[PDB]
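Remarks on the structure that follows.
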Amino acid sequence: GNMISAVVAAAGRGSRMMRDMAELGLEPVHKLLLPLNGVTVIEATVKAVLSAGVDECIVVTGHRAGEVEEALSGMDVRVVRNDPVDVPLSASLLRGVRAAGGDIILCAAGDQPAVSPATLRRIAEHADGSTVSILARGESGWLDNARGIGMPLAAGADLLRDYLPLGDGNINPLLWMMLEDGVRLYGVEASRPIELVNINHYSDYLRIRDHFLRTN
Ligand SMILES: [Cl-]
Ligand SMILES: [Cl-]
Ligand SMILES: [Cl-]
Ligand code: NA
C-alpha cells in the first residue's frame, strides 16, 4: 500500500478485428487506433486508468508500436516496448511490471476501453500482497472460478512476478492456476457489462462506440 502502478498491455495483434473490417469492405484499422470519444481506443483506456488515481501508468507497446506511441504522445505515461514483439499477453504484462515502481499493479488491456475509472479504482483497492482483485462477470465477492474473466485485475507486484512467467501466454489460464494454488481471487462487479468488452471483433468496437455515444 505504498505505490500503485498501472500496466496497460497495448502490444498485441488484433487480426480478427481487422479482418472483420475488411469483410465489411472497410479499410482495416488496428483496434487500438479506432476513434473513440474524440481520441483513440488506446487513449480512452489510458485516460480511464489515469483517472482511477494510480501513481503512474506504464504502457507496453509492440505491435504497431510507432502508431500506438504516437496516439499516446500527449499523455503522462511511461512507454516500454516489447522487443522482440511477438510475445503473448502475460509476457507483455511482465515487461510492464518490470518497469513499474509500485507494490500493487493494476493490469489493464489496451483494447478494453469502456472500463470506468470508478471500477478500476475499486479493483485496485481490493488488491493486496496475497489477494488478486479482478473485474467480475457477475456480482462482487470471492471467486472460486475464472469463468468469463481476465482483465482488468490488480495484484501485488511480487505475486505477479511469480505468476506472469508461467503458463501459455493468456491471462485466463493463469487465473485458474492461481485459484488451484489457493490464491485468493476477489471479483468486483462491473458498473455496466460494457466494461467487460474487449475489442476482439469489430462488433465489439461498435458496441463500445454506441455506449460512448450515449453517455457523451
Ligand atoms: Cl465515440
Ligand atoms: Cl522500450
Ligand atoms: Cl504488497
Ligand atoms: Na465483418
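Residue numbering restarts at 1 in every chain; chains get A, B, ... in the order shown in the C-alpha cells, and ligands count up from 1 in that same order.
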**Request:** Write down as a VMD selection string the residues belonging to segment 83-147 of chain A that are assigned strand (DSSP E) by DSSP computed on the backbone.
**Result:** chain A and resid 104 to 109 131 to 136 141 to 142
**Item:** Near-segment 175-188 of chain A list (9 Å; only C-alpha atoms; drop same-chain fewer than 6 positions) as a list in words
**Value:** residues 119, 122, 123, 126, 127, 130, 131, 132, 133, 134, 135, 136, 137, 138, 139, 140, 141, 142, 143, 144, 145, 146, 147, 149, 150, 163 and 167 of chain A
**Message:** When you look at segment 90-94 of chain A with a cut-off of 10 Å (counting only C-alpha atoms), what residues show up, excluding the ones that are within fewer than 4 positions of it in the same chain? I need them as number ranges by chain.
**Reply:** A: 7-12, 58-62, 80-82, 85-86, 98-100, 105, 107-109, 157, 160-172, 174
Let me see the file: selected residues, N, CA and C atoms, as a short mmCIF file (atom, residue, chain, number, x, y, z; two decimals), in the first residue's frame.
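Saved as result27.cif:
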```
data_model
loop_
_atom_site.label_atom_id
_atom_site.label_comp_id
_atom_site.auth_asym_id
_atom_site.auth_seq_id
_atom_site.Cartn_x
_atom_site.Cartn_y
_atom_site.Cartn_z
N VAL A 7 -0.31 -0.98 -15.41
CA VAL A 7 0.36 -1.52 -16.58
C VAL A 7 -0.74 -1.76 -17.59
N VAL A 8 -0.67 -1.06 -18.71
CA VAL A 8 -1.63 -1.23 -19.80
C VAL A 8 -0.95 -2.03 -20.90
N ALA A 9 -1.51 -3.19 -21.20
CA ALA A 9 -0.99 -4.04 -22.27
C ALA A 9 -1.57 -3.55 -23.59
N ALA A 10 -0.72 -2.99 -24.44
CA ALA A 10 -1.15 -2.35 -25.68
C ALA A 10 -0.26 -2.82 -26.83
N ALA A 11 0.17 -4.07 -26.77
CA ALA A 11 1.23 -4.58 -27.64
C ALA A 11 0.83 -5.66 -28.62
N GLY A 12 -0.39 -6.19 -28.51
CA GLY A 12 -0.77 -7.36 -29.27
C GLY A 12 -1.34 -7.07 -30.64
N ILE A 58 2.25 2.71 -16.83
CA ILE A 58 3.16 2.11 -17.79
C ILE A 58 2.31 1.58 -18.92
N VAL A 59 2.73 1.81 -20.16
CA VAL A 59 2.04 1.23 -21.30
C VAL A 59 3.04 0.39 -22.06
N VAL A 60 2.67 -0.86 -22.32
CA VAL A 60 3.54 -1.79 -23.02
C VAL A 60 3.09 -1.82 -24.46
N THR A 61 4.02 -1.54 -25.37
CA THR A 61 3.72 -1.48 -26.79
C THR A 61 4.51 -2.55 -27.54
N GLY A 62 4.13 -2.79 -28.78
CA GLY A 62 4.81 -3.79 -29.59
C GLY A 62 4.27 -3.74 -31.00
N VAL A 80 7.07 1.27 -22.54
CA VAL A 80 8.10 0.26 -22.72
C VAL A 80 7.67 -0.63 -23.87
N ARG A 81 8.61 -0.91 -24.76
CA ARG A 81 8.29 -1.67 -25.95
C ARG A 81 8.75 -3.12 -25.80
N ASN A 82 7.90 -4.04 -26.21
CA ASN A 82 8.38 -5.43 -26.27
C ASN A 82 9.35 -5.51 -27.45
N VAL A 85 8.86 -8.36 -30.53
CA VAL A 85 7.43 -8.03 -30.44
C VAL A 85 6.48 -9.21 -30.36
N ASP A 86 6.87 -10.39 -30.80
CA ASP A 86 5.91 -11.48 -30.87
C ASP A 86 5.89 -12.24 -29.54
N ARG A 98 7.88 -5.22 -14.79
CA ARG A 98 9.33 -4.95 -14.65
C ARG A 98 9.70 -3.46 -14.63
N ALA A 99 8.95 -2.66 -15.38
CA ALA A 99 9.15 -1.23 -15.46
C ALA A 99 8.44 -0.45 -14.36
N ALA A 100 7.57 -1.10 -13.59
CA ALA A 100 6.71 -0.41 -12.62
C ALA A 100 7.41 -0.27 -11.29
N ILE A 105 0.01 -3.61 -8.62
CA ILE A 105 -0.11 -3.33 -10.04
C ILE A 105 -1.56 -3.46 -10.46
N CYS A 107 -3.44 -4.06 -13.74
CA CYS A 107 -3.19 -4.54 -15.10
C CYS A 107 -4.44 -4.32 -15.93
N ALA A 108 -4.31 -3.61 -17.05
CA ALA A 108 -5.44 -3.31 -17.92
C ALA A 108 -5.10 -3.64 -19.36
N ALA A 109 -6.12 -4.05 -20.09
CA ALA A 109 -5.99 -4.33 -21.52
C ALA A 109 -6.23 -3.06 -22.31
N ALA A 157 2.78 -6.80 -6.80
CA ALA A 157 3.82 -6.92 -7.80
C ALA A 157 4.64 -8.21 -7.62
N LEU A 160 2.60 -11.07 -8.97
CA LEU A 160 2.64 -11.07 -10.44
C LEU A 160 3.98 -11.51 -11.01
N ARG A 161 5.08 -11.11 -10.37
CA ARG A 161 6.39 -11.53 -10.83
C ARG A 161 6.59 -13.04 -10.70
N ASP A 162 5.91 -13.67 -9.75
CA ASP A 162 5.96 -15.14 -9.62
C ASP A 162 5.03 -15.87 -10.60
N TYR A 163 3.86 -15.31 -10.89
CA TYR A 163 2.89 -15.98 -11.79
C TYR A 163 3.03 -15.63 -13.26
N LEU A 164 3.27 -14.37 -13.61
CA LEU A 164 3.30 -13.99 -15.03
C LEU A 164 4.31 -14.76 -15.90
N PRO A 165 5.47 -15.17 -15.34
CA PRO A 165 6.38 -16.00 -16.16
C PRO A 165 5.85 -17.39 -16.51
N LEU A 166 4.80 -17.84 -15.83
CA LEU A 166 4.23 -19.18 -16.03
C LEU A 166 3.12 -19.18 -17.07
N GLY A 167 2.68 -20.38 -17.45
CA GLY A 167 1.52 -20.56 -18.32
C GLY A 167 1.81 -20.44 -19.81
N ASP A 168 0.74 -20.43 -20.61
CA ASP A 168 0.84 -20.43 -22.08
C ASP A 168 0.91 -19.03 -22.72
N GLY A 169 0.66 -17.97 -21.95
CA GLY A 169 0.62 -16.63 -22.52
C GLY A 169 -0.66 -15.85 -22.28
N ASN A 170 -1.78 -16.55 -22.15
CA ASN A 170 -3.10 -15.93 -21.96
C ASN A 170 -3.32 -15.70 -20.48
N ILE A 171 -4.11 -14.69 -20.12
CA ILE A 171 -4.32 -14.38 -18.70
C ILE A 171 -5.28 -15.37 -18.01
N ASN A 172 -6.30 -15.85 -18.71
CA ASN A 172 -7.32 -16.65 -18.05
C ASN A 172 -6.77 -17.96 -17.46
N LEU A 174 -3.80 -18.47 -16.29
CA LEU A 174 -3.11 -18.08 -15.06
C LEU A 174 -4.03 -17.88 -13.87
#
```
Closest contacts (chain A/ligand 3, max 7 Å, only C-alpha atoms and all ligand atoms) as a tab-separated table:
```
residue	atom	partner	partner_atom_place_in_ligand_line	distance
A:1	CA	ligand 3	1 (Cl)	6.0
A:103	CA	ligand 3	1 (Cl)	5.0
A:104	CA	ligand 3	1 (Cl)	6.0
A:128	CA	ligand 3	1 (Cl)	5.3
A:129	CA	ligand 3	1 (Cl)	3.8
A:156	CA	ligand 3	1 (Cl)	5.1
```
Give me a file of those residues, with N, CA and C atoms, as a tab-separated table (two decimals), in the first residue's frame.
```tsv
chain	number	residue	atom	x	y	z
A	1	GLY	N	0.79	-1.26	0.00
A	1	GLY	CA	0.00	0.00	0.00
A	1	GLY	C	0.81	1.29	0.00
A	103	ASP	N	4.13	-1.43	-5.54
A	103	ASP	CA	3.95	-2.74	-4.89
A	103	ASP	C	2.63	-3.39	-5.25
A	104	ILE	N	1.69	-2.59	-5.76
A	104	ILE	CA	0.43	-3.09	-6.31
A	104	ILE	C	0.39	-2.67	-7.76
A	128	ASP	N	-4.11	-6.77	-2.61
A	128	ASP	CA	-3.02	-6.61	-1.64
A	128	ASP	C	-1.93	-7.62	-1.97
A	129	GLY	N	-0.94	-7.79	-1.11
A	129	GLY	CA	0.17	-8.71	-1.39
A	129	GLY	C	-0.23	-10.10	-1.82
A	156	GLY	N	-0.56	-7.77	-6.03
A	156	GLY	CA	0.80	-7.47	-5.59
A	156	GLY	C	1.81	-7.71	-6.68
```
**Asked** Residues at most 9 Å from residue 191 of chain A, counting only C-alpha atoms, excluding those fewer than 3 positions away in the same chain, as an NGL selection string?
**Response** :A and (115-116 or 118-119 or 194-195)
**Asked** Hey, which residues come within 7 Å of ligand 1 if we count only C-alpha atoms and all ligand atoms? Could you give them as number ranges by chain?
**Response** A: 35-38, 209, 212-213
Would you save the residues from that selection as an mmCIF file, in the first residue's frame, using C-alpha atoms?
```cif
data_model
loop_
_atom_site.group_PDB
_atom_site.id
_atom_site.type_symbol
_atom_site.label_atom_id
_atom_site.label_comp_id
_atom_site.auth_asym_id
_atom_site.auth_seq_id
_atom_site.Cartn_x
_atom_site.Cartn_y
_atom_site.Cartn_z
ATOM 1 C CA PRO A 35 -11.747 6.504 -32.906
ATOM 2 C CA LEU A 36 -13.479 6.786 -29.600
ATOM 3 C CA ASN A 37 -14.546 9.839 -27.554
ATOM 4 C CA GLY A 38 -12.648 12.250 -29.889
ATOM 5 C CA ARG A 209 -18.781 3.138 -29.509
ATOM 6 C CA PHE A 212 -19.774 6.125 -25.592
ATOM 7 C CA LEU A 213 -22.171 7.989 -27.967
#
```
**Request:** Check every protein, DNA and RNA residue against ligand 4, keep those with an atom at most 10 Å away (counting only C-alpha atoms and all ligand atoms), and present them as a list in words.
**Result:**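 Listed by chain and ascending number, the contacts are residues 16, 17, 18, 19, 20, 21, 22, 23, 24, 25, 26, 201, 202 and 203 of chain A.
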**Message:** Which residue is closest to residue 173 of chain A? Choose from A:4, A:89, A:208, A:76 and count only C-alpha atoms.
**Reply:**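 Closest candidate: A:89.
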**Prompt:** Nearest to ligand 2: which of A:6, A:48, A:34, A:79 is it, counting only C-alpha atoms and all ligand atoms?
**Reply:** A:79
